[PDB]
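Residues per chain are reported as follows:
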Amino acid sequence: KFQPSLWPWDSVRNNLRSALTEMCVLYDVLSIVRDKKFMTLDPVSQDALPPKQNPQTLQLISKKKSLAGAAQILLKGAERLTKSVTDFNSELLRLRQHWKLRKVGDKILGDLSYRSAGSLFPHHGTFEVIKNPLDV
Amino acid sequence: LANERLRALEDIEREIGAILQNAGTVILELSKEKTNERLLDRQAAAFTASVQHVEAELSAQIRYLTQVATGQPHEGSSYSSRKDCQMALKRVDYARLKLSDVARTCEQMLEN
Amino acid sequence: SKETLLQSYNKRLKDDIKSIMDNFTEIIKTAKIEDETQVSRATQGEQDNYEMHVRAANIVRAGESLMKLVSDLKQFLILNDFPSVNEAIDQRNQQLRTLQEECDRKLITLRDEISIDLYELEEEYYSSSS
């Protein structure tokens, strides 16, 4: 028993492939139903009696449980945001308040030379800014 | 500087408030009995007001950023004044070391 | 370009607000109870549960994307909002000039006091008998 090196995300693949098997079962059964040979259809009028009032009560309890789970994931994400906000761009505030910076592409660079201050020295002082909270 | 940034911080907190108001509204709807239907209407108006003013603040700030963007890297700086301040402080440090040496020779003279 | 980046930010904001509103409205609509016909209560209920959970996940994802948009806007403001760079540069310059002037006043007064002491010591040393 071994799989293409997926040691996390295996159980999700088990559930999804079980779904793939029963969906291939559906495609199989409706295709062999769709040809007249090997499987056929007969129109039958049959009727059932519901022993309990199933749509009212079943829809009630299932919708309350569904709304319970939805509110759970929503409020869990909400409190994650609360603890999540309670630091990089503050250091970019301080760094830009002392140094000269710019952005090219996705990269954020800075000038280290006195060429803004008047030197014609043939050397550019480009230092990179690296998130690591911040490093140069 | 603190103004627009504090606006961005407030919009962070209000995005949290939008998600919490979504969650509280479906919390009240999941209840077996939800007597405070007026409070359900209040939470719904709170949710929609939160989403609407989050949209308002972010649209206004994208407009303001459109007004003051240039695509050019801002050739101003403050380097020369820092350089002169560093030279002034090192002058003071040099004078401190020399005063320590003169005071030490004075202590050697008075010490005998 | 700068215009292109600002447009992209506008597109992201519109998309995120639209997604939160749509997901909440769709959850509320599914929350309606309806009479069943050819849907088999159990299957209908599981499908509805899955839809609600997925939509809530989508709302949370949209909130995270709005946080990302706010962070990108903050970065743009800190990097190229020209007025605040000018006020920061000017405040830094004025503070450093005041520190330089304090240092030079201290040094000049030190020089004058040391010079008076040097005058006294020169008189004493050169007029020493020995």
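Structure determination for this PDB entry was carried out by cryo-EM, with a resolution of 4.4 Å recorded in the header.

Participant: Please clarify how the overall build of chain A should be interpreted in this entry.
Facilitator: Scanning chain A from terminus to terminus reveals three helices and five strands. Secondary structure of chain A in N-to-C order comes out as α-α-α-β-β-β-β-β. Its C-alpha atoms give chain A a radius of gyration of 32 Å, clearly above 14 Å, the size a compact globule of 136 residues would have. The dimensions of chain A, computed from C-alpha atoms along their principal axes, are 95 × 40 × 35 Å. Scored against the burial criterion, the 136 residues of chain A give a buried share of 23%. Positive and negative side-chain charges of chain A, numbering 21 and 13 respectively, have mean locations separated by a distance of 3 Å.

Participant: Help me understand the interface of chain A and chain C in this model?
Facilitator: Many structure descriptions define interface size as the accessible area lost when the parts assemble. Between chain A and chain C, the contact holds 25 residues from the first and 27 residues from the second. Each partner contributes to the roughly 2300 Å² buried at the junction of chain A and chain C, and carbon and sulfur atoms together form 66% of this total. Interface area lost by chain A to chain C is led by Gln59, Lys63 and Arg96 of chain A, which between them contribute 28%. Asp48 of chain C is paired through a salt bridge with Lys63 of chain A; the nearest N and O atoms lie 2.6 Å apart. At the boundary of chain A and chain C, one finds seven residue pairs in polar contact.

Participant: What exactly am I supposed to notice about the pattern of salt bridges here?
Facilitator: Pairing between side chains of opposite charge can happen when the charged atoms of each approach one another. Within this structure, the stated rule accounts for eleven salt bridges over all chains. Note that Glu4 of chain B and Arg7 of chain B form a salt bridge whose closest N and O atoms lie 2.7 Å from each other. Here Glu4 of chain B pairs with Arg7 of chain B, and both are found in helix 1 (residues 2-30), just three residues apart, close to one helical turn. Residue classification places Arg7 of chain B among the partly exposed residues on the basis of a relative accessible area of 40%. Taking the shortest distance from any N to any O, the salt bridge between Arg55 of chain C and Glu51 of chain C comes out at 3.7 Å. In this pair, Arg55 of chain C and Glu51 of chain C both sit in helix 2 (residues 41-80), four residues apart, roughly one turn of the helix.

Participant: What's the story with the interface of chain C and chain B in this structure? I'm lost.
Facilitator: Each side of the interface is counted separately: chain C has 35 residues, and chain B has 40 residues. For the pairing of chain C and chain B, the buried interface totals around 3700 Å² over both sides, and the portion due to carbon and sulfur atoms is 80%. At the junction of chain C and chain B, the tally comes to one salt bridge. One salt bridge in this structure joins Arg91 of chain B and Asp104 of chain C, with 3.2 Å as the shortest N-O distance.

Participant: Explain the packing of aromatic side chains here, please?
Facilitator: Summed over all chains, the structure comprises six aromatic pairs over all chains. Here the aromatic rings of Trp99 of chain A and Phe127 of chain A are separated by 6.4 Å at their centres, their planes lie at 80°, and the arrangement is edge-to-face. Here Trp99 of chain A is found in the loop between helix 3 (88-98) and strand 1 (100-104), whereas its partner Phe127 of chain A is found in strand 3 (residues 126-128), with 28 residues between them in sequence. Using a relative accessible area of 30% as the deciding quantity, one classes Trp99 of chain A as partly exposed. Of the residues examined, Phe127 of chain A reaches a relative accessible area of 13% and is grouped as buried. Positioned above the aromatic ring of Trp99 of chain A, the side-chain terminus of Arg82 of chain B is 4.3 Å from the ring centre.

Participant: What is the right way to read empty space enclosed by the protein from this model?
Facilitator: Its volume calculated, the largest cavity comes out at about 140 Å³. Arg96, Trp99 and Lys100 of chain A together with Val85 and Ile89 of chain C are, among the 17 residues lining the largest cavity, the residues nearest its centre. Elements that contribute at least two residues to the lining of the largest cavity include exactly helix 3 and strand 1 of chain A together with helix 3 (82-126) of chain C. Per element, the largest residue contribution to the lining of the largest cavity is four residues, and it comes from helix 3 of chain C. Tallied by class, the residues present in the lining of the largest cavity amount to eight nonpolar, six polar and three charged. Forming the boundary of the second largest cavity are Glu4, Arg5, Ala8, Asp11, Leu58, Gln61, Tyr64 and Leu65 of chain B together with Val70, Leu73, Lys74 and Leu77 of chain C. Elements supplying a minimum of two residues to the lining of the second largest cavity: helix 1 and helix 2 (37-67) of chain B together with helix 2 of chain C.

Participant: It is not clear to me how the side chain of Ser59 of chain B should be interpreted in this structure. Could you clarify?
Facilitator: Residues and elements named next belong to chain B. Structurally, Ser59 is set in helix 2. The class of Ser59 is buried, set by a relative accessible area of 12%. At 2.5 Å, the side chain of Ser59 forms a polar contact with the backbone oxygen of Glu55.

Participant: Looking at this structure, I do not really get the pairing of strand 1 of chain A. What am I missing?
Facilitator: A regular strand carries its side chains on alternate faces of the sheet. All names here are of chain A. In this sheet, strand 2 (residues 107-111) lies alongside strand 1 in antiparallel orientation, the contact comprising five bridges. Bridge pairing links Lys100 to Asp111 in strand 2. The antiparallel pairing of strand 1 with strand 2 creates a hairpin that spans two residues between the two strands, and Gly105 there sits at a positive phi of about 65°.

Participant: Even after reading the chapter, I still don't get the sheet that holds strand 3 of chain A, so can you show me in this structure?
Facilitator: In a beta sheet, neighbouring strands pair by backbone hydrogen bonds and run either parallel or antiparallel. All names here are of chain A. Taken in spatial order, the three strands make up an open sheet running 1-2-3, and their pairing is antiparallel. The sheet terminates laterally at strand 1 and strand 3, the two strands that pair on one side only. The mean inter-strand angle of the sheet, taken between neighbouring strand axes irrespective of direction, is 35°.

Thresholds applied
Residues numbered from 1 in each chain as written, not as in the entry; some residues may be left out. Chains lettered and ligands numbered in written order. Part of a larger assembly, values for the part shown. Heavy atoms only, no water. Helix = DSSP H or I, 4+ residues; strand = E, 2+ residues; numbered from the N terminus. Rg over C-alpha atoms; globule rule 2.2 N^0.38 Å. Buried < 20%, exposed > 50% of the residue type's maximum accessible area, 1.4 Å probe, protein only. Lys, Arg positive; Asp, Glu negative; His and termini not counted. Charge placed at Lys NZ, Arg CZ, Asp CG, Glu CD. Contact = heavy atoms within 4.5 Å. Buried area = accessible area lost by both parts, 1.4 Å probe. Salt bridge = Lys/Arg side-chain N within 4 Å of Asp/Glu carboxyl O. Polar contact = N/O pair within 3.5 Å; in protein donor to acceptor, adjacent residues only side chain to side chain. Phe/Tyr/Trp six-rings, centres within 6.5 Å; stacked < 30°, edge-to-face > 60°. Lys NZ or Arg CZ within 6 Å of the ring centre and 35° of its normal. 1 Å grid on protein atoms, 1.4 Å probe; cavity = no way out; pocket = protein on both sides within 12 Å on 5 of 7 lines; lining within 4 Å. Points joined across faces, edges and corners; volume = space filled by probe spheres on them. Nonpolar A, V, L, I, M, F, W, Y, C, P; charged D, E, K, R; others polar. Pairing = 2+ DSSP bridges. Axes fitted to C-alpha atoms, helices over the stretch in contact; angles between N-to-C directions.

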